[PDB]
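As structure tokens, one chain now follows by itself in the form deposited in one PDB entry.
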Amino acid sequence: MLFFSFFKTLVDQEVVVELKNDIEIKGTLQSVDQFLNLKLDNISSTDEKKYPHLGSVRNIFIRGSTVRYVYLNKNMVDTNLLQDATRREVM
């Protein structure tokens, strides 16, 4: 449950999400679940070809399983805390 909590710290932030289909959507991190499912509000297209065929849609659910990257801003993370946390792992 590390990456769960990490993501819960990013609520209300601007994040870009890349899927396996290469789809890329920018938007505000509204919610995350255990499986790492995200719901982004006020969504926008970084790339014209990367964007999908969605009408005037503002709000989406994205399945955890279909994500490749979530892009972040170094400002939005204490990487110190992240490494201490990663150390405290346990299989």
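Start at 1 and count along the sequence shown; that's the residue number. Whichever C-alpha set is largest while still superposing within 1.5 Å between the two forms counts as the rigid core. Only residues modelled in both forms are compared.
Below, we turn to the form deposited in another entry, even though it does not appear here.
- Looking at 46, 31, 34, 66 after a core superposition between the shown form and the other one, you find that only 46 has a C-alpha shift of 2 Å or more.
- Cα of residue 50 to Cα of residue 9: at least 3 Å longer in the other form than in the shown structure.
- Inter-residue distance, residue 50 to residue 16 (Cα): increased by at least 3 Å in the other form versus the depicted form.
- Displacement of the C-alpha atoms by 2 Å or more across three or more consecutive residues between the shown form and the other one, following core superposition, is confined to the single run 45-55.
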